[PDB]
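Working notes for the structure below.
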Amino acid sequence: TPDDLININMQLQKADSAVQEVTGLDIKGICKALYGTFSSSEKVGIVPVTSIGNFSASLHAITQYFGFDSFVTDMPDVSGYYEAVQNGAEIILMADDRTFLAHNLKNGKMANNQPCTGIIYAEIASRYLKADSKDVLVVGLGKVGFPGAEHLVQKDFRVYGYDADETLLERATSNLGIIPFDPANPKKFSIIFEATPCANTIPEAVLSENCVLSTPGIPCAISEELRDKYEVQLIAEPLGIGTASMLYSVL
Ligand SMILES: NC(=O)c1ccc[n+]([C@@H]2O[C@H](COP(=O)([O-])OP(=O)(O)OC[C@H]3O[C@@H](n4cnc5c(N)ncnc54)[C@H](O)[C@@H]3O)[C@@H](O)[C@H]2O)c1
Ligand SMILES: [Mg+2]
Ligand code: NA
């Protein structure tokens, strides 16, 4: 649909501009430096899977935006997979309800959407040009958040973490060595990474003016009144940034 095609394109463009503002680099630039990898307009076959293919249609527009030679197969599932390989797909892109993967058939590399999304959003946060300290707050330590937190620890940031699930908070503290954040004793941050399927997860007392909030979480961690009040630099996009991360990770 022509209306929806203008919509994702604009949404990706707006997300690109926001990343440029924060880091001085576009999404492509972030990916290339993150993975040390470059694209040659690889052929990517998107196969719809039963688990109406509007998702695969979004993926086509997203991959076209990033310059990939992408196509959606006529058939779904196993028949679609067969079709994709036969039509010379170098990378396979497909998702069920629990896993969204990219598989590079040439080099054997395979990416999972969840760690790839966490890593890139953490990466964008870590590359904030106007950051005044090495302190970073991570809210949400699940499938997306944990790999994000791990990436930040490896990049030598002082990582503060919180998750409403005490078991996951404890396990993140043990394995990663992050400082457990106490909502009862809050401090201000200039860099925040949220990976949570909930709203209003970032307390006001944690925000400083012009701080970066890098969040793949849906819905938004912050109310639009709070982001206006603190002039929050929001990095938030529903699918494209995570997808770019997957593709560049397997090149
Ligand atoms: N934008 C994208 O491209 C993209 C890609 C993948 C996933 N996502 C989204 O990212 C979000 C996280 O995904 P996930 O797979 O990590 O989910 P998950 O369930 O594995 O992890 C979410 C974690 O957040 C915690 N949490 C919930 N409410 C909280 C609160 N108020 N304070 C602190 N912690 C809280 C939960 O305990 C949970 O451990 C989801 O909304 C998902 O839809 C977005
Ligand atoms: Mg995204
Ligand atoms: Na959220």
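We label chains A, B, ... in the order they appear in the structure tokens, count residues from 1 in each chain, and number ligands from 1 in the order shown.
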Exercise for review: List all protein, DNA and RNA residues that have any atom at most 7 Å from ligand 3, counting only C-alpha atoms and all ligand atoms, and write the list as a list in words.
Suggested key: residues 194, 195, 196, 197, 198, 199, 201, 217, 218, 219, 220 and 221 of chain A
Could the residues in this selection be written to a file with N, CA and C atoms, as a PDB file, in the first residue's frame?
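The result, written out as part_14.pdb:
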```
ATOM      1  N   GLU A 194      16.563   1.531  27.790  1.00  0.00           N
ATOM      2  CA  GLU A 194      15.394   0.776  28.276  1.00  0.00           C
ATOM      3  C   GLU A 194      15.002  -0.302  27.276  1.00  0.00           C
ATOM      4  N   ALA A 195      14.797  -1.517  27.773  1.00  0.00           N
ATOM      5  CA  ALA A 195      14.350  -2.634  26.943  1.00  0.00           C
ATOM      6  C   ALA A 195      13.206  -3.363  27.646  1.00  0.00           C
ATOM      7  N   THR A 196      12.046  -2.713  27.650  1.00  0.00           N
ATOM      8  CA  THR A 196      10.895  -3.150  28.420  1.00  0.00           C
ATOM      9  C   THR A 196       9.593  -2.924  27.626  1.00  0.00           C
ATOM     10  N   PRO A 197       8.679  -3.925  27.647  1.00  0.00           N
ATOM     11  CA  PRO A 197       7.387  -3.827  26.962  1.00  0.00           C
ATOM     12  C   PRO A 197       6.362  -2.969  27.711  1.00  0.00           C
ATOM     13  N   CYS A 198       6.841  -2.080  28.575  1.00  0.00           N
ATOM     14  CA  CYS A 198       5.965  -1.277  29.421  1.00  0.00           C
ATOM     15  C   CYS A 198       6.220   0.221  29.281  1.00  0.00           C
ATOM     16  N   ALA A 199       5.200   0.991  29.655  1.00  0.00           N
ATOM     17  CA  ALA A 199       5.260   2.447  29.682  1.00  0.00           C
ATOM     18  C   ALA A 199       5.685   2.940  31.064  1.00  0.00           C
ATOM     19  N   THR A 201       8.466   3.581  32.685  1.00  0.00           N
ATOM     20  CA  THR A 201       9.458   2.782  33.406  1.00  0.00           C
ATOM     21  C   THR A 201      10.679   3.607  33.815  1.00  0.00           C
ATOM     22  N   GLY A 217      12.069  -0.766  23.357  1.00  0.00           N
ATOM     23  CA  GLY A 217      10.872  -1.218  24.067  1.00  0.00           C
ATOM     24  C   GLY A 217       9.578  -0.593  23.579  1.00  0.00           C
ATOM     25  N   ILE A 218       8.506  -1.379  23.612  1.00  0.00           N
ATOM     26  CA  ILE A 218       7.192  -0.945  23.143  1.00  0.00           C
ATOM     27  C   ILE A 218       6.142  -1.306  24.202  1.00  0.00           C
ATOM     28  N   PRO A 219       5.382  -0.309  24.701  1.00  0.00           N
ATOM     29  CA  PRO A 219       5.483   1.099  24.330  1.00  0.00           C
ATOM     30  C   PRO A 219       6.602   1.866  25.049  1.00  0.00           C
ATOM     31  N   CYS A 220       6.597   3.179  24.806  1.00  0.00           N
ATOM     32  CA  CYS A 220       7.658   4.091  25.221  1.00  0.00           C
ATOM     33  C   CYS A 220       7.827   4.156  26.729  1.00  0.00           C
ATOM     34  N   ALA A 221       9.086   4.088  27.152  1.00  0.00           N
ATOM     35  CA  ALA A 221       9.482   4.128  28.558  1.00  0.00           C
ATOM     36  C   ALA A 221       9.125   5.442  29.245  1.00  0.00           C
TER      37      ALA A 221
END
```
**Study point:** Distance filter 9 Å around ligand 2, atoms: only C-alpha atoms and all ligand atoms, out as a PyMOL selection string
**Key:** chain A and resi 117+120-121+215-217+236-245
Exercise for review: Would you kindly return, as a PyMOL selection string, each protein, DNA or RNA residue with an atom no farther than 6 Å from any atom of range 107-114 of chain A, considering only C-alpha atoms and excluding same-chain residues fewer than 4 positions away?
Suggested key: chain A and resi 100-103+143-144+246+250
May I have the selected residues written with C-alpha atoms, as a PDB file, in the first residue's frame?
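Everything below was put into part_38.pdb:
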```pdb
ATOM      1  CA  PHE A 100      13.378 -13.584  14.220  1.00  0.00           C
ATOM      2  CA  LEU A 101      16.625 -14.599  12.485  1.00  0.00           C
ATOM      3  CA  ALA A 102      18.985 -13.684   9.664  1.00  0.00           C
ATOM      4  CA  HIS A 103      21.005 -16.518   8.153  1.00  0.00           C
ATOM      5  CA  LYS A 143      16.318 -11.059  26.038  1.00  0.00           C
ATOM      6  CA  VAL A 144      17.015  -7.596  24.586  1.00  0.00           C
ATOM      7  CA  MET A 246      21.062  -8.402  12.316  1.00  0.00           C
ATOM      8  CA  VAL A 250      26.130 -11.724   9.474  1.00  0.00           C
TER       9      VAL A 250
END
```
Point to revise | Residue neighbourhood residue 231 in chain A, 9 Å, only C-alpha atoms, exclusion window fewer than 3 positions, as a PyMOL selection string | key: chain A and resi 208-211+226-228
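Across the model, the gap from atom 17 (O, counted along the ligand's line) of ligand 1 to CA of residue 45 in chain A is 26.6 Å.
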Practice item. Please run DSSP on the backbone and report, as a ChimeraX atom specification, all residues within range 57-100 of chain A that come out as strand (DSSP E or B). Key: /A:69-72,91-95,100
Please identify the alpha helix (DSSP H) residues within range 54-234 of chain A (assignment by DSSP from backbone atoms) and present them as a compact mmCIF listing (two decimals) with N, CA and C atoms, in the first residue's frame.
```txt
# COMPACT_ATOMS: atom_id res chain seq x y z
N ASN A 54 2.10 -9.02 6.43
CA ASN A 54 2.46 -7.60 6.50
C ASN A 54 3.83 -7.37 7.13
N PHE A 55 4.25 -8.30 7.99
CA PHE A 55 5.58 -8.26 8.60
C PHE A 55 6.68 -8.34 7.54
N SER A 56 6.57 -9.33 6.65
CA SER A 56 7.53 -9.51 5.56
C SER A 56 7.55 -8.31 4.61
N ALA A 57 6.39 -7.69 4.42
CA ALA A 57 6.26 -6.47 3.62
C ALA A 57 7.01 -5.29 4.26
N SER A 58 6.92 -5.18 5.59
CA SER A 58 7.68 -4.17 6.34
C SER A 58 9.18 -4.41 6.18
N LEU A 59 9.59 -5.67 6.32
CA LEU A 59 10.98 -6.10 6.14
C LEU A 59 11.53 -5.77 4.76
N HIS A 60 10.70 -5.91 3.73
CA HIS A 60 11.10 -5.57 2.37
C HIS A 60 11.43 -4.08 2.25
N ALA A 61 10.53 -3.23 2.75
CA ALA A 61 10.74 -1.78 2.72
C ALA A 61 11.98 -1.37 3.53
N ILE A 62 12.13 -1.98 4.71
CA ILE A 62 13.28 -1.73 5.58
C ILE A 62 14.61 -2.10 4.91
N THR A 63 14.67 -3.31 4.35
CA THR A 63 15.89 -3.78 3.68
C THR A 63 16.20 -2.99 2.40
N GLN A 64 15.15 -2.54 1.71
CA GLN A 64 15.31 -1.66 0.54
C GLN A 64 15.88 -0.30 0.94
N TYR A 65 15.44 0.22 2.09
CA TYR A 65 15.95 1.49 2.63
C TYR A 65 17.45 1.41 2.91
N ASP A 77 6.62 -20.30 4.58
CA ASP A 77 7.17 -21.47 5.29
C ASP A 77 8.26 -22.22 4.51
N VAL A 78 8.19 -23.55 4.52
CA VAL A 78 9.18 -24.40 3.87
C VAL A 78 9.21 -24.19 2.34
N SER A 79 8.03 -24.05 1.73
CA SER A 79 7.96 -23.77 0.30
C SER A 79 8.61 -22.44 -0.06
N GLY A 80 8.39 -21.43 0.78
CA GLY A 80 9.05 -20.13 0.62
C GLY A 80 10.55 -20.18 0.80
N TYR A 81 11.00 -20.95 1.80
CA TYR A 81 12.43 -21.16 2.04
C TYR A 81 13.09 -21.77 0.80
N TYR A 82 12.46 -22.82 0.27
CA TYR A 82 12.92 -23.47 -0.95
C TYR A 82 13.05 -22.44 -2.08
N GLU A 83 11.99 -21.65 -2.26
CA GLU A 83 11.93 -20.61 -3.28
C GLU A 83 13.05 -19.57 -3.12
N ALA A 84 13.31 -19.15 -1.88
CA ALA A 84 14.35 -18.16 -1.60
C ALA A 84 15.75 -18.65 -1.97
N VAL A 85 16.09 -19.86 -1.55
CA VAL A 85 17.39 -20.47 -1.87
C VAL A 85 17.54 -20.64 -3.38
N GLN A 86 16.48 -21.12 -4.03
CA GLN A 86 16.46 -21.35 -5.47
C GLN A 86 16.62 -20.05 -6.27
N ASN A 113 17.37 -11.61 16.42
CA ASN A 113 16.89 -10.23 16.56
C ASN A 113 17.06 -9.63 17.95
N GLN A 114 16.87 -10.45 18.99
CA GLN A 114 16.86 -9.95 20.37
C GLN A 114 18.23 -9.44 20.87
N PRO A 115 19.29 -10.28 20.80
CA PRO A 115 20.60 -9.72 21.15
C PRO A 115 21.08 -8.63 20.18
N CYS A 116 20.79 -8.77 18.89
CA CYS A 116 21.20 -7.78 17.89
C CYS A 116 20.56 -6.41 18.13
N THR A 117 19.30 -6.41 18.54
CA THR A 117 18.58 -5.18 18.87
C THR A 117 19.15 -4.53 20.14
N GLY A 118 19.31 -5.32 21.19
CA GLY A 118 19.91 -4.83 22.44
C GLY A 118 21.29 -4.23 22.24
N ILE A 119 22.12 -4.93 21.48
CA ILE A 119 23.50 -4.50 21.23
C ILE A 119 23.56 -3.16 20.49
N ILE A 120 22.77 -3.02 19.41
CA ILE A 120 22.81 -1.77 18.63
C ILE A 120 22.25 -0.56 19.37
N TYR A 121 21.18 -0.75 20.15
CA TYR A 121 20.60 0.35 20.91
C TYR A 121 21.52 0.78 22.06
N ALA A 122 22.19 -0.20 22.67
CA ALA A 122 23.23 0.08 23.67
C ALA A 122 24.40 0.82 23.01
N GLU A 123 24.76 0.38 21.80
CA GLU A 123 25.84 0.99 21.03
C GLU A 123 25.57 2.47 20.71
N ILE A 124 24.35 2.76 20.24
CA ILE A 124 23.94 4.13 19.96
C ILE A 124 24.05 5.00 21.22
N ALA A 125 23.54 4.48 22.34
CA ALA A 125 23.62 5.16 23.63
C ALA A 125 25.07 5.46 24.03
N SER A 126 25.94 4.46 23.86
CA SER A 126 27.36 4.58 24.22
C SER A 126 28.13 5.58 23.36
N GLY A 145 17.53 -6.60 26.75
CA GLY A 145 18.28 -5.78 27.72
C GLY A 145 19.61 -6.34 28.18
N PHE A 146 19.64 -7.62 28.52
CA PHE A 146 20.85 -8.28 29.02
C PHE A 146 22.04 -8.17 28.05
N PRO A 147 21.85 -8.54 26.75
CA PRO A 147 22.94 -8.38 25.78
C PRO A 147 23.36 -6.92 25.60
N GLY A 148 22.41 -6.00 25.73
CA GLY A 148 22.70 -4.57 25.71
C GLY A 148 23.59 -4.17 26.88
N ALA A 149 23.20 -4.59 28.08
CA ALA A 149 23.98 -4.34 29.30
C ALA A 149 25.39 -4.93 29.21
N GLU A 150 25.48 -6.17 28.73
CA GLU A 150 26.76 -6.85 28.54
C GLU A 150 27.69 -6.07 27.61
N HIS A 151 27.13 -5.59 26.50
CA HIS A 151 27.87 -4.78 25.53
C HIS A 151 28.44 -3.51 26.16
N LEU A 152 27.64 -2.85 26.98
CA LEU A 152 28.06 -1.63 27.67
C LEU A 152 29.16 -1.88 28.70
N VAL A 153 29.07 -3.01 29.42
CA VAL A 153 30.10 -3.42 30.38
C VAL A 153 31.42 -3.68 29.66
N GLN A 154 31.35 -4.39 28.54
CA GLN A 154 32.52 -4.69 27.72
C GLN A 154 33.17 -3.43 27.13
N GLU A 166 13.33 -9.65 40.31
CA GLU A 166 14.51 -9.71 41.19
C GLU A 166 15.49 -10.81 40.81
N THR A 167 14.97 -11.92 40.29
CA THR A 167 15.79 -13.05 39.86
C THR A 167 16.72 -12.65 38.71
N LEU A 168 16.17 -11.92 37.73
CA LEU A 168 16.96 -11.45 36.60
C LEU A 168 17.95 -10.36 36.99
N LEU A 169 17.55 -9.50 37.93
CA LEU A 169 18.43 -8.45 38.43
C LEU A 169 19.64 -9.05 39.16
N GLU A 170 19.39 -10.06 39.99
CA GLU A 170 20.43 -10.77 40.72
C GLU A 170 21.41 -11.46 39.77
N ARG A 171 20.86 -12.12 38.75
CA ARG A 171 21.66 -12.87 37.78
C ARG A 171 22.49 -11.97 36.86
N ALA A 172 21.96 -10.78 36.56
CA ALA A 172 22.71 -9.78 35.80
C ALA A 172 23.86 -9.22 36.62
N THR A 173 23.62 -9.01 37.92
CA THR A 173 24.63 -8.52 38.85
C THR A 173 25.79 -9.52 39.01
N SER A 174 25.45 -10.80 39.11
CA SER A 174 26.45 -11.86 39.29
C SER A 174 27.31 -12.08 38.04
N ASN A 175 26.65 -12.25 36.90
CA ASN A 175 27.33 -12.61 35.65
C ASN A 175 28.01 -11.44 34.95
N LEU A 176 27.44 -10.24 35.07
CA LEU A 176 27.95 -9.05 34.38
C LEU A 176 28.72 -8.10 35.29
N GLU A 224 5.26 11.58 26.79
CA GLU A 224 5.67 12.65 25.88
C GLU A 224 5.76 14.01 26.56
N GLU A 225 5.10 14.13 27.71
CA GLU A 225 5.20 15.33 28.54
C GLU A 225 6.55 15.39 29.26
N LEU A 226 7.01 14.24 29.74
CA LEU A 226 8.31 14.14 30.41
C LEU A 226 9.49 14.32 29.45
N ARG A 227 9.34 13.84 28.22
CA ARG A 227 10.40 13.99 27.22
C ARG A 227 10.50 15.44 26.72
N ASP A 228 9.37 16.15 26.72
CA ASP A 228 9.35 17.57 26.39
C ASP A 228 9.98 18.40 27.50
N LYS A 229 9.65 18.06 28.74
CA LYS A 229 10.15 18.78 29.92
C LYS A 229 11.68 18.74 30.03
```
Exercise for review: Find the residues around range 33-44 of chain A up to 9 Å (only C-alpha atoms counted), leave out those fewer than 3 positions away in its own chain, and share them as a ChimeraX atom specification.
Suggested key: /A:28-30,63,66-72,84,88-93,104,119-120,123,245,247-251
**Study point:** Which of A:49, A:137, A:10, A:202 sits closest to ligand 1 [using only C-alpha atoms and all ligand atoms]
**Key:** A:202
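With distances taken over only C-alpha atoms and all ligand atoms, A:98 is the one residue among A:134, A:127, A:106, A:98 lying closest to ligand 1.
Across the model, the gap from CA of residue 212 in chain A to CA of residue 235 in chain A is 7.5 Å.
Across the model, the gap from CA of residue 191 in chain A to CA of residue 128 in chain A is 7.8 Å.
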